[PDB]
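**Q** Sequence first, structure after, both from an experimental entry:
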Amino acid sequence: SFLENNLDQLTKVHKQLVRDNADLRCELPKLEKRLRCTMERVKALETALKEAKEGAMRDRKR
Amino acid sequence: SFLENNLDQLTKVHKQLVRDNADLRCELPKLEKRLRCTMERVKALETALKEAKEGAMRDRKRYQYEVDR
Amino acid sequence: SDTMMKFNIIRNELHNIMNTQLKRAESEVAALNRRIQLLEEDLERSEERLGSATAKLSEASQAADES
């Protein structure tokens, strides 16, 4: 009846978007954790670099 | 008819949501890949730091040997 | 190679990682999180309309038989 095919298609696409959103809402925190663990590793590398750089410049001071 | 204008307006809203959803479904896996490629660069940096650290005390035992002579 | 050159090489590349990819990643995850929630809100506003249009079409289907 055209109105029913239009509404039935809107029903079908809306259910697909709802299920896609549930996937997006679950994969996104995993991405936050991965971003948090990456910057944690970068900061740990960065302070270890100053300890080695200044520790190397303390030894040239001899 | 009002209901057909209503459904046509709802159709338009879903067209925008489909494009919004398609964009998000494309950026999230891409960001994981970009984060994965960053961690590979950090791992290479971490091994390059340990190579530099061993090189630094190879120089520290060298300075102590240029002083004991 | 030289030791102090090695440290500054690592510092420079580590600077490029924080200042480009890591910096962009933080504001992108913030936008992505907000866009996902806004889309869901739009979907949640959308269902109420689809639920009302579904009831309106069925009432018209039953009224098309009585006329």
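**A** Right, received. Where do you want to start? Residues are numbered from 1 along each chain as shown, chains lettered A, B, ... in the order given.
**Q** so what's the residue of chain C found nearest chain A up against?
**A** Residue nearest to chain A within chain C: residue C:7 (4.4 Å; C-beta to the nearest C-beta). Every residue, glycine included, has its C-beta placed from N, CA and C. When contacts are counted by C-beta atoms under 8 Å, 6 or more residues apart in numbering or on different chains, residue C:7 touches A:49, A:52-53, A:56, B:52.
**Q** Please identify which helix or strand holds it.
**A** Assigned by DSSP states H and E, residue C:7 belongs to helix C:3-16.
**Q** Beyond that helix, next helix or strand please.
**A** As assigned by DSSP H and E, the chain's next helix or strand after helix C:3-16 is helix C:23-66.
**Q** and that next one, how far from the chain's centre?
**A** How far helix C:23-66 lies from its chain's middle: 15 Å, per C-alpha atoms, centre = their mean, to the nearest Å.
**Q** Spell out whether that helix and chain A are in contact.
**A** Yes: Helix C:23-66 comes into contact with chain A (C-beta under 8 Å from any C-beta of the partner chain), by way of C:25-26, C:29, C:32-33, C:36, C:39-40, C:43, C:46-47, C:50, C:53-54, C:57, C:60-61.
**Q** Keep the residues you listed, but drop any that are not near chain B.
**A** Answer for the residues of helix C:23-66 next to chain A near chain B (C-beta under 8 Å from any C-beta): C:25, C:29, C:32, C:36, C:39, C:43, C:46, C:50, C:53, C:57, C:60.
**Q** residues contacting whichever residue of chain A sits closest to chain C?
**A** When distances are taken as C-beta to the nearest C-beta, chain A reaches nearest to chain C at residue A:53, 4.4 Å away. Residues near residue A:53 by C-beta under 8 Å, 6+ apart: C:4, C:7-8, C:11.
**Q** Buried among the residues of helix C:23-66 next to chain A? Need that as a selection in PyMOL.
**A** To isolate the buried ones among those in PyMOL, judged by 16 or more other C-beta atoms under 10 Å in any protein chain shown, type:
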select buried, chain C and resi 25+29+32+33+36+39+40+43+46+50+53+57
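**Q** what's the spacing between the residue of chain C closest to chain A and residue C:1?
**A** Per C-beta to C-beta, to the nearest Å, residue C:7 is found 11 Å from residue C:1.
**Q** now residue 9, nearest residue through space, not along the chain?
**A** I went with chain A, as the question did not name one. residue B:11 (8.0 Å; C-beta to C-beta, 6 or more residues apart in numbering or on different chains).
**Q** Switch to chain C, please.
**A** Using C-beta to C-beta, 6+ apart, the closest residue to residue C:9 is residue B:48 (7.5 Å).
**Q** what about residue 8, how many neighbours?
**A** You didn't pick a chain, so chain A it is. Neighbours of residue A:8 under the rule other C-beta atoms under 10 Å in any protein chain shown: 13.
**Q** Please refer instead to chain C.
**A** 13.
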